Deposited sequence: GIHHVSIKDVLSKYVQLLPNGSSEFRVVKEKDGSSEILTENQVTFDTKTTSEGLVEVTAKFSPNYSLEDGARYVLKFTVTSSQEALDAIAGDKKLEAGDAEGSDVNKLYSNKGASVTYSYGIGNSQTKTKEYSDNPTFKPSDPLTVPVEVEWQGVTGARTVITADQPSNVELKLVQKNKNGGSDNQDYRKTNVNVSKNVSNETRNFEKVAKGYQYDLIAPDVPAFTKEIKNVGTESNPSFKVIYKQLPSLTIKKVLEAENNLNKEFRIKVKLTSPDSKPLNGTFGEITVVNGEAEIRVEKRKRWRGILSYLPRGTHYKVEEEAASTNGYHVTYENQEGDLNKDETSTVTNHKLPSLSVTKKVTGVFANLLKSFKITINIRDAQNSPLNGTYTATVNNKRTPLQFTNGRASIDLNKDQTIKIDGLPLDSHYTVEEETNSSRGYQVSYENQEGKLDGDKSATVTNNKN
């Protein structure tokens, strides 16, 4: 028989062996319809790198083993597509001459030469090498397609109306992660996803994506929205969803009550802090925040409001009108303080403080009149208020609820800036009223806007 047999295959760059002898090298002897596996004492397998960097597999029969007449001996082993084959079928690598039958990526050669060497004869034998004439071809598996979905949410979640400006499209890029030390290819595939008003979800797919790599996605930062990118598939079958969710805004409104002068301006301060307690800085709409502080100037031309557009989710806000802007007003607040998790409106109301006017009438000498005022909480007034008689402005001071004025016939004093919802009584002093019958109009009353009391002094 023939002896000193060896079978050799040189594998192309398009295939490779499996890890850890999973290739399961074996030589089967087939004769008369029976099959048996040569043992380790009958054959040895070696793997080597050739000088051109290819893997060469040899089955070396034990040297004195002779092939049985008419038996088929067949070397079997498994290979898998190399990265090169997976790249070529995704269209990421050009073929060169020799790579595949008719340069078709569905017909990559598995071998770059294969042959058998053997000897025959007793004594000084003869040695022959024959090349296999078959050049088999294979098709790697289909490349991937990778779905990508873009979803737009309003401030309070999916399907909720969006109010912010949106671009007309978003360019999405599939990033092929480098697995051999190099840099990620961040432009591996790209797609433009249409963006239309009130269409929340739109889908595209990257085509012919090479297997063998991990992938990620780049999607643009869109002003007014936060961006979340998820792989809703697996590592080996990625599928991506980008969610753009509109950021919340804080509107500060000013309301005037009982105030006929609409030309005033007011400064309203807003304090803005993060849950983490980093100082907040940035420009939000028209309103710049420095170190957690912003100041909004409201007037009629701006519709009595300012907007901090697209603040970070969960920002703590506290609204306060500046002290100088509160003079002459009772100032109340709605939604003064909170956490910004949806759009919020914070309202400052400036209710002009009421005044009390007292007129002296004489029918038929200065007359002394006492004014008692108790505040909204029922406590006697103490403080000094501007009072005007005939365009002379004087301070009028209340002590323990009481002030006194002096009026001539037909004079009016008007006392400004008194507390909202306080109660007044006026009473002419006994000495002033001697010789006169005294009558009153609106002797008592509630300071819930401008009031007028009249003291009437009728001789006798």
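> Where along the deposited sequence are residues missing from the model?
Deposited residues absent from the model fall in 365-370 alone.
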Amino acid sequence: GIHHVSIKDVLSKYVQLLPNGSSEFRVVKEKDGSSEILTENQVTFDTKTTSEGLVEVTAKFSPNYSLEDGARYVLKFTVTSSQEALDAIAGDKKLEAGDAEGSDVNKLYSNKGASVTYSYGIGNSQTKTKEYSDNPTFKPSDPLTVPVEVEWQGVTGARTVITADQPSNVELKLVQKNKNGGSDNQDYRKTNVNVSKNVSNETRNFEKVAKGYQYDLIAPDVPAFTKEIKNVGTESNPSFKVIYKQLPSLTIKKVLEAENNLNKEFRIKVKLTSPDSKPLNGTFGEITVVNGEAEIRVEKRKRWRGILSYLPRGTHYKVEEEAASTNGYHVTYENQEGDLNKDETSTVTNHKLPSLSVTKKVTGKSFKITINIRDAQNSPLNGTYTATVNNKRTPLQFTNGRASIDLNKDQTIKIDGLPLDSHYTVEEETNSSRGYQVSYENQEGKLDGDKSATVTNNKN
From here on, numbers count along this sequence of modelled residues.
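> Taking the recorded C-alpha temperature factors, which stretch has the higher mean, 161-169 or 206-214?
It is 161-169.
> Can you tell me which stretch has the higher mean Cα B-factor, 387-395 or 406-414?
Looking at the recorded C-alpha B-factors, 387-395 comes out higher on average.
> Between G181, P238, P140, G328, which carries the biggest CA temperature factor in the record?
Among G181, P238, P140, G328, the highest C-alpha B-factor in the entry belongs to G181.
> Check the PDB entry and point out which of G91, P147, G102, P354 has the largest C-alpha temperature factor.
Going by the entry's C-alpha B-factors, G102 comes out highest.
> Per the entry's values, where does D339 land by CA temperature factor relative to the rest of its chain, in the lowest, middle or highest third?
Answer is highest: the recorded C-alpha B-factor places it there.
> Sorting the chain's CA B-factors, does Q246 end up in the lowest, middle or highest third?
CA B-factor rank for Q246: middle third.
> Taking the C-alpha B-factors as the PDB entry records them, is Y14 in the lowest, middle or highest third of its chain?
Its C-alpha B-factor belongs to the lowest third of this chain's values.
> Sort the modelled residues of this chain by their C-alpha B factor and say whether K254 lands in the lowest, middle or highest third.
Bottom third by C-alpha B-factor.
> Could you tell me which third, lowest, middle or highest, the C-alpha B-factor of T58 occupies within its chain?
Answer is lowest: the recorded C-alpha B-factor places it there.
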